[PDB]
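A.B. asks: Sharing a structure, written as structure tokens. Questions coming.
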Amino acid sequence: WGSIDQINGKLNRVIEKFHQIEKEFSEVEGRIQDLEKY
Amino acid sequence: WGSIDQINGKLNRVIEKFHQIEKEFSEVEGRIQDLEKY
Amino acid sequence: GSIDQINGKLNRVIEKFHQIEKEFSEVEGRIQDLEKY
């Protein structure tokens, strides 16, 4: 990547995808609670 | 320096969040292990 | 050098993210397995 603008664009894409992984992780953690809870 | 400092700041905040999430993954793995074992 | 250091740091973030994606996928697969069998 040659420009600041491009590095920032790529970083934003990572951030957006990560936002989604965090949400999915939260949902998985809930499913672990349910299994523990029985 | 303004653009470089802002990109660095943002990258550092991402890196920190990723270190946090890895700690949470470690804890969740422990809980999965307990469900698999017991 | 800066653009180079920034690129390096971005590449490390990207790599870490790919690791995270893989860990999460492995975690989810184990939960799935526990849920069914």
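For the structure tokens, the naming scheme is as follows: chains receive sequential letters (A, B, ...) according to their order of presentation, residues are indexed from 1 within each chain, and ligands are indexed from 1 in presentation order.
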In Å, how much C-alpha RMSD is there between chain A and chain B after the fit, with all atoms paired in order?

C.D. replies: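 After least-squares fitting, the two copies differ by 2.0 Å C-alpha RMSD.
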
A.B. asks: With 8 Å as the limit and counting only C-alpha atoms, what residues in chain A lie close to chain C? Please list them as a ChimeraX atom specification.

C.D. replies: /A:1-4,7,11,14,18,21,25,28,31-32,35

A.B. asks: Once you have the residues from the selection above, write them out as a PDB file, in the first residue's frame, restricted to N, CA and C atoms.

C.D. replies:
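result31.pdb, written as the output of this step:
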```pdb
ATOM      1  N   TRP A   1       0.840  -1.199   0.000  1.00  0.00           N
ATOM      2  CA  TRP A   1       0.000   0.000   0.000  1.00  0.00           C
ATOM      3  C   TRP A   1       0.869   1.241   0.000  1.00  0.00           C
ATOM      4  N   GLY A   2       0.545   2.139  -0.919  1.00  0.00           N
ATOM      5  CA  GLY A   2       1.334   3.331  -1.167  1.00  0.00           C
ATOM      6  C   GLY A   2       0.926   4.597  -0.465  1.00  0.00           C
ATOM      7  N   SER A   3      -0.338   4.702  -0.157  1.00  0.00           N
ATOM      8  CA  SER A   3      -0.847   5.874   0.432  1.00  0.00           C
ATOM      9  C   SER A   3      -1.465   5.619   1.761  1.00  0.00           C
ATOM     10  N   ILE A   4      -1.438   6.637   2.573  1.00  0.00           N
ATOM     11  CA  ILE A   4      -2.167   6.712   3.831  1.00  0.00           C
ATOM     12  C   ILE A   4      -3.642   6.395   3.649  1.00  0.00           C
ATOM     13  N   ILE A   7      -4.022   2.584   3.112  1.00  0.00           N
ATOM     14  CA  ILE A   7      -3.812   1.864   4.371  1.00  0.00           C
ATOM     15  C   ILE A   7      -5.045   2.030   5.237  1.00  0.00           C
ATOM     16  N   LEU A  11      -7.483  -0.946   6.578  1.00  0.00           N
ATOM     17  CA  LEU A  11      -7.741  -1.038   8.007  1.00  0.00           C
ATOM     18  C   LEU A  11      -9.226  -0.977   8.326  1.00  0.00           C
ATOM     19  N   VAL A  14     -10.806  -4.313   7.677  1.00  0.00           N
ATOM     20  CA  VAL A  14     -10.502  -5.235   8.764  1.00  0.00           C
ATOM     21  C   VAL A  14     -11.404  -4.953   9.968  1.00  0.00           C
ATOM     22  N   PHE A  18     -14.040  -7.512  11.629  1.00  0.00           N
ATOM     23  CA  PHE A  18     -13.869  -7.784  13.039  1.00  0.00           C
ATOM     24  C   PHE A  18     -15.128  -7.484  13.862  1.00  0.00           C
ATOM     25  N   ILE A  21     -17.182 -10.494  13.586  1.00  0.00           N
ATOM     26  CA  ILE A  21     -16.638 -11.603  14.357  1.00  0.00           C
ATOM     27  C   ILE A  21     -16.965 -11.454  15.858  1.00  0.00           C
ATOM     28  N   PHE A  25     -18.884 -14.110  18.112  1.00  0.00           N
ATOM     29  CA  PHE A  25     -18.254 -14.579  19.344  1.00  0.00           C
ATOM     30  C   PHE A  25     -19.160 -14.414  20.555  1.00  0.00           C
ATOM     31  N   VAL A  28     -21.749 -17.155  20.268  1.00  0.00           N
ATOM     32  CA  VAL A  28     -21.124 -18.416  20.663  1.00  0.00           C
ATOM     33  C   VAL A  28     -20.982 -18.506  22.193  1.00  0.00           C
ATOM     34  N   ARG A  31     -24.059 -19.529  23.762  1.00  0.00           N
ATOM     35  CA  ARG A  31     -24.306 -20.973  23.541  1.00  0.00           C
ATOM     36  C   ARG A  31     -23.514 -21.867  24.498  1.00  0.00           C
ATOM     37  N   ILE A  32     -22.339 -21.396  24.887  1.00  0.00           N
ATOM     38  CA  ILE A  32     -21.546 -22.065  25.927  1.00  0.00           C
ATOM     39  C   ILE A  32     -22.240 -21.966  27.290  1.00  0.00           C
ATOM     40  N   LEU A  35     -25.002 -24.496  27.426  1.00  0.00           N
ATOM     41  CA  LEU A  35     -24.462 -25.839  27.629  1.00  0.00           C
ATOM     42  C   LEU A  35     -24.021 -26.033  29.067  1.00  0.00           C
TER      43      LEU A  35
END
```

A.B. asks: What does the distance between CA of residue 26 (chain A) and CA of residue 19 (chain B) come to in Å, to one decimal place?

C.D. replies: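 Going from CA of residue 26 (chain A) over to CA of residue 19 (chain B), I get 16.5 Å.
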